[PDB]
S.K.: 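Before we start, here is the structure in question, set down as structure tokens.
By convention in this document, chain letters (A, B, ...) are assigned in the order of the sequence lines, proteins followed by strands, and residues within each chain are numbered from 1. Just so you know, these numbers use all the heavy atoms, side chains as well, and skip hydrogens, waters and symmetry mates.
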Amino acid sequence: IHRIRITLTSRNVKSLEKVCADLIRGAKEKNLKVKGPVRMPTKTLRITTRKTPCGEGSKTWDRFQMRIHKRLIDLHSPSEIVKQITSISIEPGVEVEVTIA
Amino acid sequence: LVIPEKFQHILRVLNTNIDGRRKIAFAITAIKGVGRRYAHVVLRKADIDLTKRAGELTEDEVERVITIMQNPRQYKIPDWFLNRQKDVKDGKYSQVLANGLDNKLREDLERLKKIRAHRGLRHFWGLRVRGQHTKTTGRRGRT
Amino acid sequence: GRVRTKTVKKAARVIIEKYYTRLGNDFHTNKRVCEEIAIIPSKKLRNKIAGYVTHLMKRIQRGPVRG
Amino acid sequence: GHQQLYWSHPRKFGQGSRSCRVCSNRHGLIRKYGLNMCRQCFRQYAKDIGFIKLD
Amino acid sequence: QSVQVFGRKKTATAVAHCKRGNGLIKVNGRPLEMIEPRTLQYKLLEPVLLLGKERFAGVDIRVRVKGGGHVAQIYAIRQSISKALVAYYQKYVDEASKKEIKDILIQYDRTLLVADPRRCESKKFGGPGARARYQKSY
Amino acid sequence: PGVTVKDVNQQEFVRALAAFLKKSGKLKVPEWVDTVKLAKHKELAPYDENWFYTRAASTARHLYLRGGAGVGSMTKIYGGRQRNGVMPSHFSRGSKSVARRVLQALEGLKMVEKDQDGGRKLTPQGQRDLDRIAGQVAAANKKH
Amino acid sequence: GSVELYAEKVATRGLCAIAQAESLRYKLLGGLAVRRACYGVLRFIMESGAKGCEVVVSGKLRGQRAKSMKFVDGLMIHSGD
Amino acid sequence: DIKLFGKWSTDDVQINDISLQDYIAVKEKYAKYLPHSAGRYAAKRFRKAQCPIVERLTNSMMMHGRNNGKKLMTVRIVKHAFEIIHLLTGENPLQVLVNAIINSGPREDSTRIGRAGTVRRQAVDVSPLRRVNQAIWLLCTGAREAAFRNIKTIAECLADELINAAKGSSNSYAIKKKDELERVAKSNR
Amino acid sequence: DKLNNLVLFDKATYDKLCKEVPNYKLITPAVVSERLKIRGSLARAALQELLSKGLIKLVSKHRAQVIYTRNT
RNA sequence: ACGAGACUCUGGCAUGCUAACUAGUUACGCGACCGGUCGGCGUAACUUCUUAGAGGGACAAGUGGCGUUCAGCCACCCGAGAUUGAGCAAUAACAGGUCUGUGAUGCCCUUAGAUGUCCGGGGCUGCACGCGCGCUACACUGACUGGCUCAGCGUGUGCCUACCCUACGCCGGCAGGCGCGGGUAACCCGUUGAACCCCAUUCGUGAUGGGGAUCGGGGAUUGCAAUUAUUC
Ligand SMILES: [Mg+2]
Ligand SMILES: [Zn+2]
């Protein structure tokens, strides 16, 4: 199938942007037409906990946070070229999922 | 304009006095078994005008209102609308009204006290029966 | 309170003493000059330094400055 | 017999059926997102997990 | 000939599509004198009342509004309509007419053209809201 | 001219459509209309005693505006504040049976039909009826 | 057969606080006096190019009453990102 | 042609107090259709003097907890009682409100002793802004407790309160409180 | 202290409702209720009846406030 | 030099850039009603609206006063904004709290009719009374009953681990029940049809239709058990 969608998830923005730019550059050096990086809304995981290990003192809370950023790339290519582009030693921490539509 | 035909300022129904100035469906609420919803359903199925006050209805209207109040299931009032559904002893669905019916059926606490159930014991001791804390609440009338 | 910290003031004084020829009375040219000749890791700090440089240029315009 | 009695009480929903995956305690447990750790263990391992303080 | 200029208040945002037409003003498909509270109807009519029907006579305006609260959707609609007329006049008529309409609108109300930046403040622990604190006892 | 639902007042449109439905005499009403409460968060029965026709008119108008609704959607439309006594108030949904019977009565008038994606929608006959009633409302005291 | 484990060396041991903490731990476990071990770890960290460092040891250092003992050198920031 | 609501002009309103002319905003830049403008008059000191007097009254009406933030209700309560002031007096309601503001503001009152003290009070003069603020507060309070536990609706209590204050009558709560404050200031002179 | 308002008119109070209320500058259910010792519901009904007969002019109507004035 | 500031996150502005069938908007076709209304259908433009990256943008910078004419303060113009809110936070100290968070712990105590551990049943709520945090009120600027119309933050099917969010259809006042689907989620719930508020209605100044404690009789739901009454 010529419809290939790459989903990129990461907790670090800089790594995700570097990987997306590298992937699109590789897909454009080859004569492939690629739909640009669609940026899904960021998911913010929140946990609020009491600071103390006990129940004593002024009630203070830690507000922890995790942020998940999601990118989508659609390209028209045979699967072999997609495999060539994907395996380019991507930056650690970025999860890449290639799906056939 | 007040009705000349002896506008009943005070009306006696079930050994209770209802006020003729009160709008119907709220005047008959004074009966100790009838409140708001029961009154409205009774008057709807008795087909009387709800905008009238209790003093402008005739004797026949009040009579049929009393009968439909005392025989709800005979006029297609649903069984879930009553306050004595599946009554213990005689498993009859009914609506208990006023002195002699509501307060006497209230005197089913003696059943609980005779079997010495925990709820009956809490009733006998004047305490609270529905599992509420008694530390810091209800301290009125307990010296 | 718009009181500048010693970081801003010493940075501005050194910048002025070193590059007085390139500077003037314009904030928007001074900030470009500062970002070209200096390494200020923040944009807000750069803007504060450029603003104080403009103030000091106006001050030297009508005489001397102790710094 | 003891075989049918030992640990025979149902443990499927209450606090007796959940515990910290680190310290095996049963109090102050965080079930959100599948962490299944108590509050103190979470404060201890939050940076390793990836939860960092921003605001 | 169209502009699509929009305006906001709190979370409510309204986009006004203004094209060459014959004086139609609708909000979410309903005519202007039908918006909900109807106590602030004059707040909606302020642009056309200030500028006159003659200036809106050559345009059709259709406003799509979504976001938080009746009283914000109002003020968002009026901001969008004012800015849409200003932009249409600037792009398709001249700078002088734009100047006069902008002067009238700004003199009457700055919020007709420039959005209010105020937003809800966060809640901090230790109190029911942004700055209120729970009762302290000794 | 030409008048639709969206260029007339919705309250008097609802009143006119309810009058039309009652006058038609083809809408089947349940036998418990004079006993039910319309919501758990209600305290009394409706005051009108013709409330079924008004509710049918409201439901038909809603299906006109945003089609594809079913029970649950209409139950959420007619939900409201529930006062829990000495407890704080909370949102509460409307009666499911009244919404289901209103929708089932609107069909059979050939004004409402099931939609493919699940739910209810207005039939072209229903759209025409609502638009004619809207034209009547507009030609009425709305503007003479 | 899918998981596998390498093992590499730290570029600069003197600049890894976990490594220095382990070194101090196993120095104290070896009977070395607290001050000698702390000062040695401090000096090794400073000689490795660190801009500054701080070693704190707390507990029953001398006697039945606990106390804390701090060794600092160079520059050390505390606030901000 | 910017009549309030859609019926009350401002061209005929005369403040005629000189002292409060700069602090009652009703006339030309402060002629608006509605007493509801969002507005940011509390951001900087003295700006509330640019707020129209009808909006100041409307804001002062939202009081005693249960009515906090309900400004649409209060603009309705002003629209009514303007419709009622016109019926009762035959004059422009804006003129009646302005006259009430003039009449109900204290001119002197007492503070704690002078430079310092903890025994008695010393008389001092009132700022025009504080005059207008206190007038609005007193008029609103008088209306509020006239309508409480009474079949007389609000927008009737407020209308009669404003009418009495415009007349200077002692049937007004605001006039009584103003006289009380002024007399106490007189005694502590 | 406790006021005792009527719920329906008597001939004396139905009088002084047909030749003085139509002369008030302001006619309101609360005003008529206080000046005729009648309940709010009766006052509203009487004012609606007077307006139906053309003796009263409606100035404004609202769910919370209805205002009438004399026909002059 | 540390702390303050700087810093990071966050709120406001960009018709400028990058670019989107898991967001749309215009336009054009095809339909449904009386040019208009279409969260009716479909496909070009494109990115204002939506997302989220880069960069820009504000500095007391401009003007006028006050100041040693300095550091700065006040006011005004232009401006999206002329003080957004948090996070982190020094030296040093407390016999502050926590051994009941820990396979963190030193010393004691106990260790087999056990202070280990399961398993029944009680308790932790028990009520003359005192004291904190609170919820609902004392109404008419309100209750009731219909009608109308607007959000945002976010959470959804699990290592063990049983337990998810729910559209639509039907049955039942109701609480619920029964079938059928979607969703591991900008894809489904959902266009989150929130409440107050708005509009109309009835009440009519009194413990009143305010207010809902207490208590009786029925019906369901979750659970292995609901009585001391889980909840509805
Ligand atoms: Mg800081
Ligand atoms: Zn743990």
S.K.: Check every atom of J:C215, J:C150, J:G57 against the side chain of C:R46 and return the nucleotide holding the closest atom.
M.R.: J:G57

S.K.: Check the interface with nucleotides 116-124 of chain J: list each N/O to N/O pair with the protein under 3.5 Å, or write none.
M.R.:
{"residue": "J:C118", "atom": "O3'", "partner": "D:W7", "partner atom": "N", "Å": "3.1"}
{"residue": "J:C118", "atom": "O2'", "partner": "D:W7", "partner atom": "N", "Å": "3.1"}
{"residue": "J:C119", "atom": "OP1", "partner": "D:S8", "partner atom": "N", "Å": "3.2"}
{"residue": "J:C119", "atom": "OP1", "partner": "D:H9", "partner atom": "N", "Å": "2.8"}
{"residue": "J:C119", "atom": "OP1", "partner": "D:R11", "partner atom": "NH1", "Å": "2.9"}
{"residue": "J:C119", "atom": "OP2", "partner": "D:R11", "partner atom": "NH2", "Å": "2.9"}

S.K.: Think I:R63 has a side-chain N or O under 4.0 angstrom from the OP1 or OP2 of J:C199?
M.R.: yes

S.K.: Answer yes or no: side-chain N or O of H:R144 and base N or O of J:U141 forming a donor-acceptor pair under 3.5 Å.
M.R.: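 Check passes, donor-acceptor contact within cut-off.
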
S.K.: Starting at atom CG of E:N28, determine the distance to atom P of J:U25, rounded to an integer number of angstrom.
M.R.: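 In whole Å, J:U25 P lies 12 Å from E:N28 CG.
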
S.K.: Any N or O donor-acceptor pair linking the side chain of F:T54 to the base of J:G146 at under 3.5 Å?
M.R.: no

S.K.: Would you measure the distance from the P atom in J:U222 across to the matching atom in J:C232 and give it in whole Å?
M.R.: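 To the nearest whole Å, 16 Å.
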
S.K.: Looking at J:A4, J:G204, J:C2, which one has an atom nearest to any side-chain atom of G:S79?
M.R.: J:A4

S.K.: Taking the side chain of C:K31 as heavy atoms from C-beta outward, which of J:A58, J:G53, J:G72 is closest to it?
M.R.: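 Ranking J:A58, J:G53, J:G72 by closest atom to the C:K31 side chain puts J:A58 first.
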
S.K.: With a 4.0 Å limit, can you tell me whether E:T13 has a side-chain N or O closer than that to the phosphate oxygens OP1/OP2 of J:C49?
M.R.: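 Answer is no, no contact under 4.0 Å.
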
S.K.: Is the shortest distance from a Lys or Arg side-chain nitrogen in A:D74 or A:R5 to a carboxylate oxygen in the other one below 4.0 Å?
M.R.: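 Looking at A:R5 together with A:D74, the answer is yes, because their closest N to O distance falls below 4.0 Å.
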
S.K.: Are there any protein N/O atoms within less than 3.5 Å of an N/O atom in nucleotides 185-187 of chain J, and if so, which ones and at what distance?
M.R.:
{"residue": "J:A186", "atom": "OP1", "partner": "A:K70", "partner atom": "NZ", "Å": "3.1"}

S.K.: Quote, to the nearest angstrom, the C1' distance that separates J:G210 from J:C203.
M.R.: 12 Å

S.K.: With P as the reference atom in both, quote the distance from J:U228 to J:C153 in angstrom, rounded to an integer.
M.R.: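 Per the computed distance, 47 Å lies between those P atoms.
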
S.K.: Under the 3.5 Å rule, do the base of J:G96 and the side chain of A:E56 count as making a donor-acceptor pair?
M.R.: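 Looking at the base of J:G96, it does pair with a donor or acceptor on the side chain of A:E56 (distance under 3.5 Å).
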
S.K.: Among J:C196, J:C33, J:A162, which nucleotide sits nearest the side chain of F:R81?
M.R.: J:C196

S.K.: When you check the phosphate oxygens OP1 and OP2 of J:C133, does a side-chain N or O of E:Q135 lie under 4.0 Å from one of them?
M.R.: yes

